[PDB]
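Colleague: experimental structure and sequence below.
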Amino acid sequence: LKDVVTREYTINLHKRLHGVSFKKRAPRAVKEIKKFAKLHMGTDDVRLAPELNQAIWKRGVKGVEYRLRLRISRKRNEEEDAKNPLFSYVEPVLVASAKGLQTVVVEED
Amino acid sequence: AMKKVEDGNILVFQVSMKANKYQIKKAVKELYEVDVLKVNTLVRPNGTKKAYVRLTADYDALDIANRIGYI
Amino acid sequence: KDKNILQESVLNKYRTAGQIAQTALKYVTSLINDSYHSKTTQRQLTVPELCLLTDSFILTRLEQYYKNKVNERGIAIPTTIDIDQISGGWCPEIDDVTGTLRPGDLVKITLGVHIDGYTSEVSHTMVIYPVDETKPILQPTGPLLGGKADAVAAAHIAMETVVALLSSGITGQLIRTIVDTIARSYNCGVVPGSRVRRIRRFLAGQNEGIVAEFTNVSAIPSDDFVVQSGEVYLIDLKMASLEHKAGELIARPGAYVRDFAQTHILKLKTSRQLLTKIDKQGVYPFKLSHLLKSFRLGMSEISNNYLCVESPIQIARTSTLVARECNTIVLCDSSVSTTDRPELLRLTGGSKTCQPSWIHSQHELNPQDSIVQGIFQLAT
Amino acid sequence: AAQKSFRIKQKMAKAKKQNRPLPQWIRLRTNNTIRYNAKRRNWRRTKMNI
RNA sequence: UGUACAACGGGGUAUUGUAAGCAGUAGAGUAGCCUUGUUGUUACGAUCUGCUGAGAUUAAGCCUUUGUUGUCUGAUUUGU
RNA sequence: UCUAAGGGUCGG
RNA sequence: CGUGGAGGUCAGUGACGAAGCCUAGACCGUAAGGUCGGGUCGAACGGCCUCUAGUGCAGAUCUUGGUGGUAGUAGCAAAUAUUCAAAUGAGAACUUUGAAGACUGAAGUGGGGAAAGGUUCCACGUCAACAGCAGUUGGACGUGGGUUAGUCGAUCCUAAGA
């Protein structure tokens, strides 16, 4: 089927950015986060909130946080039906520390 | 140039290349029966000379603009 | 959707505008005399003084009715005076060449009044006369003859035919056909393609129209239509002694109307401000004389981008005559003694009527000919 | 140059009025061969040599 | 559809060398104000001590895992 | 964190 | 044997198709060559006796033009660096707007000028070519607009010198 969810995930960016050329770290974090959204909930169309871009790049090219707690909601596509009927919108969750947490279904009202 | 007529009491003319501020003021003063405050001129980049002729406050260029018959 | 689709109050507003149009028209006809004759009375009459007089009278008379009420009223069509072979829309600017009336000139006076957007249009044709005091009884004990008489009688009989035919249940095409038959009876021709419009509140140019003497292309592009109860029409008859193919002849257009269907962001401040001032006007058509230089430039950009529609001054061939009668009529259903039938109520009145005994033509409508049987019956 | 002589500016003006495409109606003339303005010039392709 | 796989989390293993915050009659002193000191208080003070071998990091080619969450038939060819 | 030394102006 | 042209002759061939070109189709000749069919084509051309030469190519690092293999190859790596979104558009890594991250760091990647250019300035439209990816962008293409002086220069003066 195709069922509209919205969970909350912590991504380990550290192990995914290990080794990366410094000028390419924040940029990879963008790509790597999409790759993650895709992996969870096979979406393929992954849009990143600008507040999350900001989160990602907040210490500049080189200093990406090691974990991000992300909010990823699979959603219905509208207009001139792009190949796939479904989305993932990814945004950041304001939390104290990204350490400790497990993936969570956010119940949607 | 039209704006100059509407807002600056100025008549704008292409004028002989061979003219001069005296010779221009005189001709304007006679072809149009108006008095003249000063003439500025320049040589346009297409090789003609354009003359800004400001009229004295006794005259309204817009009036005399559309007497001559343009607008 | 308007509630109410029609009301007594609307009929009143049409009738009152019609009374004004009729009165102003008659005043202008009385004020028409030769230039020499006007001179004997310490006045001068040109194609300008009469237009100015007409418009001022429309504003003064509309100013006196519905006083203290939040509304608009005034000119629906600026006074236009079109002489001899000139067809329509002559309303000169102060800077244009004026025209001075001559004894024997054929004159068409065309004007319109509105009250709260309800329009009463009228036009009338007559022949100019010297001052009665100088030639007492002479003009009267004489008749108009020749091509002037031919074209005036033809145009008035076309108006009479239309009064009888523009009624609920009839088709516009019937009117077009009758007009050709009447005009040809006098060896005259209705001017090709000219339109009579349905009127609505604020709308002088309804898309439902009667067309005169259409070319083959005009016949294809023009829509056949049936008249209905509660419709209003400004029936406009323009007939020529010549071929009937009116043309522009380099005369400056002075009458325009704003077209609210068209939009454009104008580039010049003068044009934008001119646009704004126009939209402050009640009637669709106005004359540039109501503004003169700063209007002339604003007009250019607005007309270019179709924000203003021109009413051009058209002419027939030199030496020919064009006659016109225009009247406004209110069509509606009359339920009397149990039966409902459409009846039309003309509101132009006295202003639109001509004195038939003034005109003597060699010709008349012929009913015996296979070609004009029925027309005589209609007209009687 | 900015402060430029009149002779130069004159030549400059002429050189600018010549700088246009072929007027399309020439192509309609009878027995016309000229398809395009073959003597056309550009400030970044060919200098004027004063 | 599993003694599955993955993302997280947990535990182990490592590295560094004691986090932030709070508290202290710890601190060379100086300077204010007072009831003028059996501990007078107020401001400032590197640093020191305690909670604290703490805190941070730890597979990206470390090990493990009774937890949480998710995934699980798209494409193309092939025959004696 | 302290100590000391190095100027100006105006009243006798 | 074959070619350009010339005198003579076949009252030569031809728009019912001349010349030319293509054709592991045919025939003549030791050969240079000649002849025929079919296809394509469109206006002129040939045999014989003579006359005449700017008369026959494989080469000359020959001349001019045109074309290959090389090869979708070498490459398109200096000047710290980009990212998210929306808008627009047939189309967006490259346009515009917003946000982020950065750089030039006043010895500037800032603000003006001299020589030199000559309209590149500004607006509207706009992408075939050009900007060694792209393009809706441009110093490009099309169409227009634009340079205002008694006081800023030239103009006057004299310099080396002419």
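Modeller: Sure, I can see it. Numbering: from 1, shown residues only, chains lettered A, B, ... in the order given.

Colleague: neighbours of the residue in chain D that chain B sits nearest to, how many?
Modeller: Among all residues of chain D, residue D:13 sits closest to chain B, at 3.5 Å; criterion: C-beta to the nearest C-beta. Yep, even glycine has a C-beta here, placed from its N, CA and C like the rest. The number of residues packed near residue D:13 is 16, by other C-beta atoms under 10 Å in any protein chain shown.

Colleague: and for the one 3 residues further on?
Modeller: The local packing of residue D:16 (other C-beta under 10 Å) involves 13 other residues.

Colleague: chain center to the biggest helix by length in chain C: distance?
Modeller: Identified as the longest helix of chain C according to DSSP state H is helix C:8-31. Helix C:8-31 sits 13 Å away from the centroid of its parent chain (C-alpha atoms, centre = their mean, to the nearest Å).

Colleague: before we move on, the earlier item: surely the residue of chain D closest to chain B touches residue B:49?
Modeller: No - Residue D:13 is not in contact with residue B:49 according to C-beta atoms under 8 Å; the separation is 11.2 Å.

Colleague: which residue ranges form the helices in chain B?
Modeller: All helices of chain B, identified by DSSP H, fall at B:2-8, B:21-31, B:61-68.

Colleague: out of the ones you listed, flag the one nearest chain C.
Modeller: helix B:61-68 (3.6 Å).

Colleague: number of nearby residues for the residue nearest to residue C:85 when sequence neighbours are not counted?
Modeller: Once flanking residues are discounted, residue C:85 sits nearest to residue C:316: 4.4 Å by C-beta to C-beta, 6 or more residues apart in numbering or on different chains. When neighbours are counted by other C-beta under 10 Å, residue C:316 registers 25.

Colleague: return the nearest residue of chain D with respect to chain C.
Modeller: Using C-beta to the nearest C-beta, residue D:24 is the residue of chain D that sits closest to chain C, at 23.2 Å.

Colleague: and that residue, how many neighbours?
Modeller: Around residue D:24 there are 7 other residues, counting by other C-beta under 10 Å.

Colleague: cool, and residue C:9?
Modeller: Neighbours around residue C:9, by other C-beta under 10 Å: 11.

Colleague: what do you get for residue C:68?
Modeller: 5.

Colleague: same thing with residue C:98?
Modeller: 15.

Colleague: my guess is it meets residue C:47, correct?
Modeller: Yes - between residue C:98 and residue C:47 there is a contact under C-beta under 8 Å: 5.2 Å.

Colleague: which residues do the two both contact?
Modeller: Any residue near both residue C:98 and residue C:47 by C-beta atoms under 8 Å, 6 or more residues apart in numbering or on different chains counts here, and that gives residue C:92.

Colleague: next up, the contacts around the residue in chain B positioned nearest to chain D.
Modeller: In chain B, the residue that lies nearest chain D is residue B:47 (3.5 Å; C-beta to the nearest C-beta). Applying C-beta under 8 Å, 6+ apart to residue B:47 gives the contacts B:17, D:10, D:13-14, D:17.

Colleague: ok, of the residues you listed, which come out buried?
Modeller: residue D:13 (16 or more other C-beta atoms under 10 Å in any protein chain shown).

Colleague: residue C:53 versus whatever residue of chain A ends up closest to chain D, what's the distance?
Modeller: Closest residue of chain A to chain D, C-beta to the nearest C-beta: residue A:23 (35.8 Å). Going from residue A:23 to residue C:53 by C-beta to C-beta, to the nearest Å gives 85 Å.

Colleague: now residue C:235, which residues is it bridged with?
Modeller: Beta-bridge pairing for residue C:235 (DSSP bridges): residue C:327.

Colleague: my guess is it contacts residue C:324. True?
Modeller: No - look at residue C:235 against residue C:324 with C-beta under 8 Å: they stay out of range, at 11.1 Å.

Colleague: helix/strand/coil for residue D:34?
Modeller: Under DSSP: H, G, I helix; E, B strand; the rest coil, residue D:34 falls in the coil class.

Colleague: neighbours of it, how many?
Modeller: 11.

Colleague: same thing with residue C:79?
Modeller: Per other C-beta under 10 Å, the neighbour tally for residue C:79 reads 25.

Colleague: could you do the one 10 residues further on as well?
Modeller: The local packing of residue C:89 (other C-beta under 10 Å) involves 22 other residues.

Colleague: isn't there a strand covering residue C:341?
Modeller: Yes - assessed with three-state DSSP, residue C:341 lies in a strand.

Colleague: look up how far chain B lies from it.
Modeller: Separation of residue C:341 from chain B (C-beta to the nearest C-beta, to the nearest Å): 56 Å.

Colleague: that residue against residue C:331, yeah?
Modeller: No - using C-beta under 8 Å, residue C:341 is not in contact with residue C:331; the gap is 11.3 Å.

Colleague: those two: which has the busier surroundings?
Modeller: Neighbour comparison, residue C:341 and residue C:331: the larger count goes to residue C:331, with 21 against 12 (by other C-beta under 10 Å).

Colleague: residue 71: what's it in contact with?
Modeller: No chain specified, so I'll use chain A. So residue A:71 contacts A:6-9, A:90-93, A:106 (C-beta under 8 Å, 6+ apart).

Colleague: please go with chain C instead
Modeller: C:115-116.

Colleague: quick one: secondary structure of it?
Modeller: At residue C:71, secondary structure determined by three-state DSSP is coil.

Colleague: distance of it from residue C:17?
Modeller: In terms of C-beta to C-beta, residue C:71 sits 12 Å off from residue C:17.

Colleague: where do the contact lists of the two overlap?
Modeller: Common neighbours of residue C:71 and residue C:17 (C-beta under 8 Å, 6+ apart) are residue C:115.

Colleague: my reading is that the residue of chain A closest to chain D lies in a strand. Confirm?
Modeller: No - membership of residue A:23 in a strand is not supported by three-state DSSP, which gives helix.

Colleague: could you report the neighbour count for residue 32?
Modeller: Here I'm looking at chain A. Residue A:32: 17 neighbours (other C-beta under 10 Å).

Colleague: not quite, go with chain C.
Modeller: Neighbour tally, residue C:32, other C-beta under 10 Å: 20.

Colleague: just checking, it touches residue C:124?
Modeller: No - assessed by C-beta under 8 Å, residue C:32 is found out of contact with residue C:124, at 10.6 Å.

Colleague: need the residues touching each of the two.
Modeller: residue C:109.

Colleague: how far away is residue C:199 from residue A:92?
Modeller: According to C-beta to C-beta, residue C:199 stands 65 Å off from residue A:92.

Colleague: those two: which is more packed in?
Modeller: More neighbours surround residue C:199 than the other of residue C:199 and residue A:92, with 27 against 19 (other C-beta under 10 Å).

Colleague: which SS state does that one fall under?
Modeller: Applying three-state DSSP to residue C:199 yields a three-state assignment of strand.

Colleague: contact partners for residue 2?
Modeller: Just so you know, I chose chain A. A:85-86.

Colleague: try chain B instead
Modeller: Neighbour list for residue B:2: B:71, C:268, C:270, C:297 [criterion: C-beta under 8 Å, 6+ apart].

Colleague: next one: residue A:64
Modeller: Shown in contact with residue A:64 (C-beta under 8 Å, 6+ apart): A:13, A:17, A:25-26, A:29, A:56.

Colleague: how about those residues, which pair is most distant?
Modeller: Distance extremes for the contacts of residue A:64: the farthest pair is A:17 and A:56 at 11.0 Å, using C-beta to C-beta.

Colleague: now do the shared contacts for those two.
Modeller: With C-beta under 8 Å, 6+ apart as the test, residue A:17 and residue A:56 both reach A:29, A:64.

Colleague: among the two, which residue is more densely surrounded?
Modeller: Neighbours were counted for residue A:17 and for residue A:56 using other C-beta under 10 Å; residue A:56 has more, 21 against 17.

Colleague: residues near the residue lying closest to the more buried one once chain neighbours are set aside, how many?
Modeller: Counting by C-beta to C-beta, 6+ apart, residue A:56 lies nearest to residue A:29, which is 5.1 Å off, once chain neighbours are set aside. Neighbour count for residue A:29, taken as other C-beta under 10 Å: 23.

Colleague: since that was my last question, I'll sign off now.
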